[PDB]
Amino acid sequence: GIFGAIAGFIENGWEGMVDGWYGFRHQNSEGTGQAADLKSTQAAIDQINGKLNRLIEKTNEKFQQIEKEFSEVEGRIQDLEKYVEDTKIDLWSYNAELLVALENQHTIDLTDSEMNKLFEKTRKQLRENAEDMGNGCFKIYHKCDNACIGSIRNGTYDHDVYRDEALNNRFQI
């Protein structure tokens, strides 16, 4: 939400994308296809796996504590025994609720950020050869076959090869 990519300018997700979290769909002179982007997918997964490990660290080896159930009514000392533990459980319950609320907020924002970073990375490569249609797609203003799509996906696209063709197509009447 914080970047407006996911659940925002990108209408919705792709249920048929089951080899990655982020990726590419194209339409060109040879047809259509779909390819996952491995780095942005791994970058998000690595961050999420990071947060899972931090929550799974604490030992909290506790051995001899206080009694927490009582079969006799006793007054003052038991009120304090009961109150201390109740105090403890409510504070941890807050910590647990807040931790999850913070982690989940950060997970949605950070997965949104990977989406935006891939868009900007792809934009920057395309230079003057494409325009952003605003719905998460680029219009590419030159013939760009499957090897060409592969070069964008691979990060080896040479914009200078196509610039003359693309600029002539962009700035028509």
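Start at 1 with the first residue shown and count on from there.
Checked against the record, the higher mean CA B factor of 164-172 and 3-11 lies with 164-172. Relative to one another, 55-63 and 30-38 have unequal mean CA B-factors, and 55-63 is the one with the higher figure.
Note on 106, 143, 68, 117: the highest value goes to 143, judged by CA B factor as recorded. Annotation for residue 133: C-alpha temperature factor in the highest third relative to the rest of the modelled chain, per the entry. Among all modelled residues in this chain, the alpha-carbon of residue 49 has a temperature factor (C-alpha) in the lowest third. When all modelled residues of the chain are sorted by CA temperature factor, residue 139 is found within the highest third. Residue 43: CA B factor in the highest third of modelled residues in this chain (values from the PDB entry). Ranked by Cα temperature factor within the chain, residue 111 sits in the middle third according to the deposited record.
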